[PDB]
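> So here's target20.cif (mmCIF, C-alpha atoms and all ligand atoms).
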```
data_query
loop_
_atom_site.label_atom_id
_atom_site.label_comp_id
_atom_site.auth_asym_id
_atom_site.auth_seq_id
_atom_site.Cartn_x
_atom_site.Cartn_y
_atom_site.Cartn_z
CA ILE A 1 -6.57 -4.31 3.47
CA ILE A 2 -7.03 -7.88 2.26
CA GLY A 3 -8.76 -9.88 4.99
CA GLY A 4 -8.86 -8.49 8.52
CA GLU A 5 -11.81 -6.64 10.06
CA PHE A 6 -13.67 -3.38 9.53
CA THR A 7 -12.84 -0.99 12.33
CA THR A 8 -13.65 2.52 13.54
CA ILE A 9 -11.36 5.49 14.07
CA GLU A 10 -11.52 5.18 17.89
CA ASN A 11 -9.39 2.04 17.49
CA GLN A 12 -6.85 3.84 15.26
CA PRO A 13 -7.14 7.47 16.45
CA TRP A 14 -3.82 8.52 14.83
CA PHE A 15 -4.97 7.30 11.40
CA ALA A 16 -5.15 10.10 8.80
CA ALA A 17 -7.28 10.02 5.63
CA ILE A 18 -5.68 11.95 2.76
CA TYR A 19 -7.67 13.05 -0.34
CA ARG A 20 -6.98 15.13 -3.45
CA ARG A 21 -9.26 17.79 -4.95
CA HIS A 22 -9.50 17.94 -8.77
CA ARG A 23 -10.59 20.59 -11.27
CA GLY A 24 -14.36 20.25 -11.43
CA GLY A 25 -14.77 19.84 -7.68
CA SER A 26 -14.36 16.10 -7.25
CA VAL A 27 -12.26 14.65 -4.41
CA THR A 28 -10.55 11.27 -4.63
CA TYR A 29 -8.92 9.28 -1.84
CA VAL A 30 -5.13 9.31 -2.09
CA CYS A 31 -3.51 7.46 0.78
CA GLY A 32 -3.43 6.96 4.54
CA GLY A 33 -1.20 8.78 7.03
CA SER A 34 -0.47 8.84 10.77
CA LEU A 35 -0.58 11.78 13.19
CA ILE A 36 2.83 11.99 14.94
CA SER A 37 2.18 15.37 16.59
CA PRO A 38 -0.70 17.87 16.46
CA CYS A 39 0.62 19.72 13.40
CA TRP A 40 2.30 16.76 11.67
CA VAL A 41 1.10 13.77 9.64
CA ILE A 42 3.56 11.20 8.27
CA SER A 43 2.85 9.29 5.03
CA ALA A 44 4.60 8.02 1.92
CA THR A 45 6.20 10.14 -0.82
CA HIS A 46 5.05 7.93 -3.70
CA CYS A 47 1.54 9.12 -2.72
CA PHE A 48 2.22 12.73 -3.70
CA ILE A 49 5.25 12.67 -6.04
CA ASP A 50 3.10 13.15 -9.18
CA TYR A 51 0.96 16.00 -7.79
CA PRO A 52 3.24 17.82 -5.29
CA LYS A 53 1.07 20.93 -4.96
CA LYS A 54 0.01 21.19 -1.34
CA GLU A 55 -3.18 23.11 -2.09
CA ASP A 56 -4.78 20.09 -3.80
CA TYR A 57 -4.92 18.08 -0.57
CA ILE A 58 -7.39 17.59 2.26
CA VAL A 59 -6.50 15.68 5.43
CA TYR A 60 -9.06 14.23 7.78
CA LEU A 61 -8.54 13.05 11.32
CA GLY A 62 -11.10 11.15 13.43
CA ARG A 63 -12.60 9.76 10.22
CA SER A 64 -13.89 6.15 9.81
CA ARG A 65 -15.71 6.28 6.48
CA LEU A 66 -14.37 7.06 3.03
CA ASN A 67 -17.12 9.27 1.62
CA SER A 68 -19.23 10.28 4.60
CA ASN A 69 -18.73 12.23 7.83
CA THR A 70 -17.99 10.75 11.24
CA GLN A 71 -18.95 12.48 14.51
CA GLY A 72 -15.84 14.24 15.87
CA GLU A 73 -13.94 14.32 12.60
CA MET A 74 -11.77 17.31 11.75
CA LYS A 75 -10.71 18.57 8.30
CA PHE A 76 -7.30 20.11 7.53
CA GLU A 77 -5.50 21.86 4.72
CA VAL A 78 -1.88 21.05 4.03
CA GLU A 79 0.36 23.93 5.10
CA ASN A 80 3.55 22.18 4.04
CA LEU A 81 4.06 19.06 1.89
CA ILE A 82 7.53 17.62 2.41
CA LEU A 83 8.73 14.82 0.11
CA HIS A 84 11.97 12.90 0.61
CA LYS A 85 14.79 14.48 -1.39
CA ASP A 86 16.15 11.03 -2.30
CA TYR A 87 12.80 9.36 -3.00
CA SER A 88 12.96 6.87 -5.87
CA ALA A 89 11.04 4.14 -7.67
CA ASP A 90 12.19 1.01 -9.43
CA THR A 91 9.88 -1.66 -10.88
CA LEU A 92 8.59 -2.80 -7.50
CA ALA A 93 10.36 -0.91 -4.71
CA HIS A 94 10.09 2.72 -3.63
CA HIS A 95 13.17 3.96 -1.77
CA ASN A 96 12.96 6.63 0.90
CA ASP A 97 9.17 6.40 0.63
CA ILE A 98 8.34 8.93 3.31
CA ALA A 99 6.50 12.23 3.39
CA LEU A 100 5.52 14.85 5.95
CA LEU A 101 2.30 16.88 5.73
CA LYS A 102 1.97 19.95 7.91
CA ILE A 103 -1.69 20.26 8.67
CA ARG A 104 -3.85 23.19 9.63
CA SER A 105 -7.60 23.73 9.77
CA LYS A 106 -9.18 26.63 7.88
CA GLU A 107 -8.94 28.65 11.12
CA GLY A 108 -5.14 28.19 11.18
CA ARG A 109 -4.98 25.55 13.94
CA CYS A 110 -3.37 22.15 14.32
CA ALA A 111 -5.17 19.07 15.54
CA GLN A 112 -6.89 18.98 18.89
CA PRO A 113 -6.69 15.56 20.47
CA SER A 114 -9.94 13.86 21.42
CA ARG A 115 -11.16 10.28 21.85
CA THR A 116 -11.01 9.78 18.07
CA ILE A 117 -7.88 11.86 17.38
CA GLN A 118 -4.55 10.96 19.00
CA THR A 119 -0.81 10.94 18.13
CA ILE A 120 1.22 7.75 17.62
CA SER A 121 4.71 7.55 19.08
CA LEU A 122 7.76 7.32 16.85
CA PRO A 123 10.32 4.54 17.49
CA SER A 124 13.77 5.32 18.87
CA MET A 125 16.85 5.11 16.59
CA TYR A 126 17.06 1.69 14.94
CA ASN A 127 14.83 0.19 17.62
CA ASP A 128 12.54 -2.36 15.97
CA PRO A 129 10.57 -5.30 17.24
CA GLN A 130 12.01 -8.74 16.51
CA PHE A 131 10.77 -10.77 13.56
CA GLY A 132 7.66 -12.80 14.24
CA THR A 133 6.27 -9.83 16.15
CA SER A 134 2.60 -9.27 15.37
CA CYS A 135 1.77 -5.70 14.30
CA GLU A 136 -1.35 -4.03 12.88
CA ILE A 137 -2.05 -2.20 9.65
CA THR A 138 -5.01 0.10 9.02
CA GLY A 139 -6.35 1.42 5.75
CA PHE A 140 -8.97 2.30 3.17
CA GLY A 141 -7.20 0.17 0.58
CA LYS A 142 -8.71 -2.57 -1.63
CA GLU A 143 -10.18 -5.65 0.06
CA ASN A 144 -9.40 -7.66 -3.06
CA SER A 145 -6.96 -7.22 -5.94
CA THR A 146 -9.88 -7.43 -8.40
CA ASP A 147 -11.61 -4.45 -6.74
CA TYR A 148 -11.71 -1.10 -8.52
CA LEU A 149 -13.32 0.80 -5.64
CA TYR A 150 -12.03 1.23 -2.05
CA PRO A 151 -14.12 0.09 0.93
CA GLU A 152 -16.42 2.72 2.45
CA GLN A 153 -15.40 1.66 5.96
CA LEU A 154 -11.93 1.67 7.58
CA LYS A 155 -10.29 -1.75 8.00
CA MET A 156 -7.44 -3.12 10.13
CA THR A 157 -5.54 -6.41 10.21
CA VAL A 158 -2.62 -8.02 12.03
CA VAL A 159 0.53 -9.10 10.21
CA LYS A 160 3.87 -10.49 11.45
CA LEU A 161 7.32 -8.95 10.91
CA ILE A 162 9.43 -10.99 8.48
CA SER A 163 13.23 -11.21 8.78
CA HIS A 164 15.43 -9.45 6.21
CA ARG A 165 16.99 -12.86 5.47
CA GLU A 166 13.58 -14.31 4.61
CA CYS A 167 12.52 -11.25 2.65
CA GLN A 168 15.76 -11.09 0.72
CA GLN A 169 15.52 -14.55 -0.83
CA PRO A 170 15.51 -14.47 -4.66
CA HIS A 171 11.92 -15.77 -4.73
CA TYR A 172 10.80 -13.06 -2.32
CA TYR A 173 12.40 -9.73 -3.22
CA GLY A 174 16.11 -10.50 -3.25
CA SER A 175 18.21 -7.37 -2.80
CA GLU A 176 15.32 -5.04 -3.76
CA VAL A 177 14.50 -4.97 -0.06
CA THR A 178 17.00 -2.82 1.86
CA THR A 179 17.81 -2.08 5.50
CA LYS A 180 15.61 1.03 5.33
CA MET A 181 12.64 -1.29 4.76
CA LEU A 182 10.72 -3.90 6.78
CA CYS A 183 8.70 -6.85 5.47
CA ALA A 184 5.46 -8.06 7.08
CA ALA A 185 2.87 -10.61 6.12
CA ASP A 186 0.39 -13.27 7.22
CA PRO A 187 2.07 -16.66 7.75
CA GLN A 188 -0.77 -18.17 5.72
CA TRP A 189 -0.78 -15.31 3.18
CA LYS A 190 -4.47 -14.48 3.57
CA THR A 191 -4.23 -10.94 4.95
CA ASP A 192 -2.16 -8.04 3.64
CA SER A 193 -1.98 -4.36 2.78
CA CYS A 194 -3.09 -3.49 -0.77
CA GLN A 195 -3.37 -0.57 -3.20
CA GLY A 196 -4.75 2.44 -1.38
CA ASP A 197 -3.22 1.39 1.95
CA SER A 198 -0.03 3.29 1.00
CA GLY A 199 1.12 5.82 3.62
CA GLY A 200 -0.82 4.23 6.48
CA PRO A 201 0.73 3.05 9.78
CA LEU A 202 2.30 -0.28 10.58
CA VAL A 203 1.85 -0.16 14.38
CA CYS A 204 3.82 -2.44 16.73
CA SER A 205 3.77 -2.57 20.52
CA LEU A 206 7.36 -1.61 21.38
CA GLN A 207 8.51 -1.77 25.01
CA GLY A 208 4.90 -1.28 26.13
CA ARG A 209 4.33 1.58 23.71
CA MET A 210 2.22 1.67 20.54
CA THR A 211 4.92 2.61 18.09
CA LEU A 212 4.84 3.66 14.42
CA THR A 213 7.24 1.02 13.17
CA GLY A 214 6.37 1.12 9.48
CA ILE A 215 4.64 3.10 6.73
CA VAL A 216 2.76 1.16 3.99
CA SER A 217 5.01 1.38 0.96
CA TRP A 218 5.02 -1.41 -1.64
CA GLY A 219 4.82 -5.07 -2.57
CA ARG A 220 4.00 -7.40 -5.49
CA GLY A 221 0.24 -7.99 -5.56
CA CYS A 222 -1.92 -8.45 -2.46
CA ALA A 223 -1.67 -11.45 -0.13
CA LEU A 224 0.47 -13.39 -2.60
CA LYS A 225 2.48 -16.30 -1.29
CA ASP A 226 6.14 -15.45 -0.80
CA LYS A 227 5.42 -11.77 -1.46
CA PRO A 228 5.24 -9.73 1.79
CA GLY A 229 3.98 -6.19 2.26
CA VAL A 230 6.95 -3.83 2.34
CA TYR A 231 7.09 -0.86 4.69
CA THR A 232 9.26 2.15 5.26
CA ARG A 233 11.37 1.45 8.33
CA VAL A 234 10.59 4.60 10.33
CA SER A 235 13.35 3.96 12.92
CA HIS A 236 15.88 4.61 10.13
CA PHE A 237 14.48 8.04 9.26
CA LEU A 238 14.51 9.77 12.65
CA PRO A 239 16.98 12.53 11.63
CA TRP A 240 15.13 13.28 8.41
CA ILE A 241 11.90 13.51 10.42
CA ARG A 242 13.41 15.59 13.23
CA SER A 243 14.98 18.03 10.76
CA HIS A 244 11.83 18.61 8.73
CA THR A 245 9.53 18.94 11.73
CA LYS A 246 11.40 22.09 12.73
CA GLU A 247 12.26 25.41 11.11
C1 LIG B 301 -1.22 7.90 -5.41
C2 LIG B 301 -0.74 6.48 -5.62
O1 LIG B 301 0.28 6.48 -6.66
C3 LIG B 301 1.12 5.39 -6.73
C4 LIG B 301 2.24 5.45 -7.55
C5 LIG B 301 3.11 4.37 -7.63
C6 LIG B 301 2.87 3.22 -6.89
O2 LIG B 301 3.66 2.09 -6.91
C7 LIG B 301 4.24 1.70 -8.17
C8 LIG B 301 5.36 0.72 -7.90
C9 LIG B 301 1.74 3.14 -6.07
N1 LIG B 301 1.50 1.96 -5.33
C10 LIG B 301 0.46 1.12 -5.49
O3 LIG B 301 -0.40 1.32 -6.31
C11 LIG B 301 0.41 -0.07 -4.58
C12 LIG B 301 0.11 -1.34 -5.08
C13 LIG B 301 0.06 -2.45 -4.24
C14 LIG B 301 -0.26 -3.81 -4.81
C15 LIG B 301 0.30 -2.28 -2.87
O4 LIG B 301 0.25 -3.33 -1.99
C16 LIG B 301 1.43 -4.15 -1.86
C17 LIG B 301 1.35 -4.89 -0.53
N2 LIG B 301 0.43 -6.05 -0.57
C18 LIG B 301 0.59 -1.00 -2.35
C19 LIG B 301 0.85 -0.82 -0.88
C20 LIG B 301 0.64 0.08 -3.22
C21 LIG B 301 0.87 4.23 -6.00
#
```
Starting from the file, lay out its structure as structure tokens.
Ligand SMILES: CCOc1ccc(OCC)c(NC(=O)c2cc(C)c(OCCN)c(C)c2)c1

Amino acid sequence: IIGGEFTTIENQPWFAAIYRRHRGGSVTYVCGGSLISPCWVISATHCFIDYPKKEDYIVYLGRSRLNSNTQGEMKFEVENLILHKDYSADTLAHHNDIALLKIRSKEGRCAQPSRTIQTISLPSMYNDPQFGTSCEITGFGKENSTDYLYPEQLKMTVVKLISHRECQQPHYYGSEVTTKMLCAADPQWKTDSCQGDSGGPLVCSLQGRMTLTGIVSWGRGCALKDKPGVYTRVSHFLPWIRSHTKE
């Protein structure tokens, strides 16, 4: 997150922290996620597409710091790693950038909600806030483009939804942005998602409900003028989600 504030998990209880274990015993941070039900975390496919083996991953819930423990945190294995069949990647865009991780602790259980661990509601079919709506992003991503390490402490910021018309101008993203995507940005271009924020929630208040409107997906650089953060438009993937969170 470029700009914004540091935060703690109690303010983003659905936030999931996703890491990968390597040969040798080292763990690196991969991407953020969001708990949508006790056994299910939603994230972005581009996060896993190169290393699709579900045994390499660790998922934390109730976690505020990158490399240290938080009181109340809970650690999960990935029982099932589902990537989108039609996922793809051009120069800038990822298409169908959406993944499902089925989580279970070492004792075979799903998440237990607590003050620091909660689910976030999905949106209803094609029901999005209007443009100019303020929404929040959360992540462990870079605080500056020149950074080579991620912050140790969770951050959040508030961005505004940008119209498809605005986002589809030649000098923005032209036709690279589709209807299955949403743009969001700071009107003064000082706060943004960045590398390492991939997979995390774009949360908007929808009809009085905190709603998972977007998933951090792509963009050109970080807080660049005329270059918004691009997000998977969750409301357009409800059937995909519904079908893979079953049997
Ligand atoms: C495990 C991560 O393997 C990846 C593979 C491919 C990847 O993409 C290439 C287009 C990415 N994405 C990024 O590195 C990335 C970069 C930026 C600048 C970014 O912020 C844009 C919004 N300001 C985001 C969200 C992700 C990650």
> Within 6 Å of residue 184 (chain A), counting all atoms listed in the file, which residues qualify if same-chain residues fewer than 3 places away don't, as number ranges by chain?
A: 159-162, 228-229
> Starting from the point (6.3, 10.3, -2.0), work out which residues of protein, DNA or RNA have an atom no more than 10 Å away when counting all atoms listed in the file; state them as a JSON list (two decimals) with C-alpha atoms, in the frame of the given file.

```
[["chain", "number", "residue", "atom", "x", "y", "z"],
["A", 43, "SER", "CA", 2.85, 9.29, 5.03],
["A", 44, "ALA", "CA", 4.60, 8.02, 1.92],
["A", 45, "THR", "CA", 6.20, 10.14, -0.82],
["A", 46, "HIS", "CA", 5.05, 7.93, -3.70],
["A", 47, "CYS", "CA", 1.54, 9.12, -2.72],
["A", 48, "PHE", "CA", 2.22, 12.73, -3.70],
["A", 49, "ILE", "CA", 5.25, 12.67, -6.04],
["A", 50, "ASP", "CA", 3.10, 13.15, -9.18],
["A", 51, "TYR", "CA", 0.96, 16.00, -7.79],
["A", 52, "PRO", "CA", 3.24, 17.82, -5.29],
["A", 81, "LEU", "CA", 4.06, 19.06, 1.89],
["A", 82, "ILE", "CA", 7.53, 17.62, 2.41],
["A", 83, "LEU", "CA", 8.73, 14.82, 0.11],
["A", 84, "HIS", "CA", 11.97, 12.90, 0.61],
["A", 85, "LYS", "CA", 14.79, 14.48, -1.39],
["A", 86, "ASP", "CA", 16.15, 11.03, -2.30],
["A", 87, "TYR", "CA", 12.80, 9.36, -3.00],
["A", 88, "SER", "CA", 12.96, 6.87, -5.87],
["A", 89, "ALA", "CA", 11.04, 4.14, -7.67],
["A", 94, "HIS", "CA", 10.09, 2.72, -3.63],
["A", 95, "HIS", "CA", 13.17, 3.96, -1.77],
["A", 96, "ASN", "CA", 12.96, 6.63, 0.90],
["A", 97, "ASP", "CA", 9.17, 6.40, 0.63],
["A", 98, "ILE", "CA", 8.34, 8.93, 3.31],
["A", 99, "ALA", "CA", 6.50, 12.23, 3.39],
["A", 100, "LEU", "CA", 5.52, 14.85, 5.95],
["A", 198, "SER", "CA", -0.03, 3.29, 1.00],
["A", 199, "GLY", "CA", 1.12, 5.82, 3.62],
["A", 217, "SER", "CA", 5.01, 1.38, 0.96]]
```
> How would you write, as JSON, numbers by chain, the set of residues no farther than 6 Å from ligand LIG 301 (chain B) when counting only C-alpha atoms and all ligand atoms?
{"A": [30, 46, 47, 91, 92, 192, 193, 194, 195, 197, 198, 216, 217, 218, 219, 220, 221, 222, 223, 229]}
> Find the residue from A:58, A:125, A:1, A:137 that sits nearest to residue 204 (chain A); use only C-alpha atoms when measuring.
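So, comparing all the options, the nearest one is A:137.
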> Can you pull out every residue within 10 Å of residue 188 (chain A), counting only C-alpha atoms, but drop anything in the same chain fewer than 3 positions away, and send it as a PyMOL selection string?
chain A and resi 185+191+223-226
> Would you pick out the contacts of region 8-13 of chain A at 12 Å or less, using all atoms listed in the file, so that residues sharing its chain but fewer than 4 positions from it are not included, and give the list as number ranges by chain?
A: 17, 32-36, 60-66, 69-74, 111-120, 136-140, 152-157, 200-203, 210, 212
> Grab the residues selected above and save them as a short mmCIF file (atom, residue, chain, number, x, y, z; two decimals), in the coordinates of the input with C-alpha atoms.

```cif
data_model
loop_
_atom_site.label_atom_id
_atom_site.label_comp_id
_atom_site.auth_asym_id
_atom_site.auth_seq_id
_atom_site.Cartn_x
_atom_site.Cartn_y
_atom_site.Cartn_z
CA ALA A 17 -7.28 10.02 5.63
CA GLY A 32 -3.43 6.96 4.54
CA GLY A 33 -1.20 8.78 7.03
CA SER A 34 -0.47 8.84 10.77
CA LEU A 35 -0.58 11.78 13.19
CA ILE A 36 2.83 11.99 14.94
CA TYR A 60 -9.06 14.23 7.78
CA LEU A 61 -8.54 13.05 11.32
CA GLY A 62 -11.10 11.15 13.43
CA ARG A 63 -12.60 9.76 10.22
CA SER A 64 -13.89 6.15 9.81
CA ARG A 65 -15.71 6.28 6.48
CA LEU A 66 -14.37 7.06 3.03
CA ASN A 69 -18.73 12.23 7.83
CA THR A 70 -17.99 10.75 11.24
CA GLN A 71 -18.95 12.48 14.51
CA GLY A 72 -15.84 14.24 15.87
CA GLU A 73 -13.94 14.32 12.60
CA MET A 74 -11.77 17.31 11.75
CA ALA A 111 -5.17 19.07 15.54
CA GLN A 112 -6.89 18.98 18.89
CA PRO A 113 -6.69 15.56 20.47
CA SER A 114 -9.94 13.86 21.42
CA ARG A 115 -11.16 10.28 21.85
CA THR A 116 -11.01 9.78 18.07
CA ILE A 117 -7.88 11.86 17.38
CA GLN A 118 -4.55 10.96 19.00
CA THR A 119 -0.81 10.94 18.13
CA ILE A 120 1.22 7.75 17.62
CA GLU A 136 -1.35 -4.03 12.88
CA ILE A 137 -2.05 -2.20 9.65
CA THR A 138 -5.01 0.10 9.02
CA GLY A 139 -6.35 1.42 5.75
CA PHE A 140 -8.97 2.30 3.17
CA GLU A 152 -16.42 2.72 2.45
CA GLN A 153 -15.40 1.66 5.96
CA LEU A 154 -11.93 1.67 7.58
CA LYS A 155 -10.29 -1.75 8.00
CA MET A 156 -7.44 -3.12 10.13
CA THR A 157 -5.54 -6.41 10.21
CA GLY A 200 -0.82 4.23 6.48
CA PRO A 201 0.73 3.05 9.78
CA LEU A 202 2.30 -0.28 10.58
CA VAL A 203 1.85 -0.16 14.38
CA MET A 210 2.22 1.67 20.54
CA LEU A 212 4.84 3.66 14.42
#
```
> Between CA of residue 123 (chain A) and CA of residue 18 (chain A), what is the distance in Å, rounded to a tenth?
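CA of residue 123 (chain A) sits 23.0 Å away from CA of residue 18 (chain A).
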> Point out the residue among A:135, A:182, A:2, A:122 with the least atom-to-atom distance to residue 151 (chain A), counting only C-alpha atoms.
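Comparing A:135, A:182, A:2, A:122 against residue 151 (chain A), the winner is A:2.
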> If you measure from CA of residue 131 (chain A) to CA of residue 231 (chain A), what distance in Å do you get, rounded to one decimal?
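So the answer is 13.8 Å.
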> Quick one: distance from CA of residue 28 (chain A) to CA of residue 57 (chain A) in Å, one decimal?
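Calculated distance between CA of residue 28 (chain A) and CA of residue 57 (chain A) is 9.7 Å.
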> Excluding same-chain residues fewer than 3 positions from residue 150 (chain A), what lies within 8 Å of it counting all atoms listed in the file, as a ChimeraX atom specification?
/A:140-143,147,196
> If I wrap all listed atoms of region 52-67 of chain A in a box with edges along x, y and z and add 3 Å on each side, what are its centre and edge lengths in Å to one decimal, as lines of an AutoDock Vina configuration file?

```
center_x = -6.9
center_y = 14.6
center_z = 4.1
size_x = 26.4
size_y = 23.0
size_z = 24.7
```
> Of the candidates A:106, A:246, A:180, A:209, which one gets nearest to residue 233 (chain A) if we count all atoms listed in the file?
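Nearest candidate to residue 233 (chain A) out of A:106, A:246, A:180, A:209: A:180.
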> With all atoms listed in the file as the counted atoms, please give the residues lying no more than 10 Å from residue 78 (chain A), apart from itself and same-chain residues fewer than 4 positions off, as number ranges by chain.
A: 18, 39-41, 53-59, 100-106
> For a quick check of understanding, using all atoms listed in the file, which of A:240, A:211, A:179, A:190 has the smallest distance to residue 121 (chain A)?
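Checking each candidate against residue 121 (chain A), we get A:211 as the closest.
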> Would you mind telling me which residue in A:167, A:149, A:27, A:206 lies nearest to residue 227 (chain A) when using all atoms listed in the file?
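Smallest distance to residue 227 (chain A) is found for A:167.
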> Closest to residue 77 (chain A) among A:245, A:90, A:29, A:20, using all atoms listed in the file?
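With all atoms listed in the file as the atom set, the closest residue is A:20.
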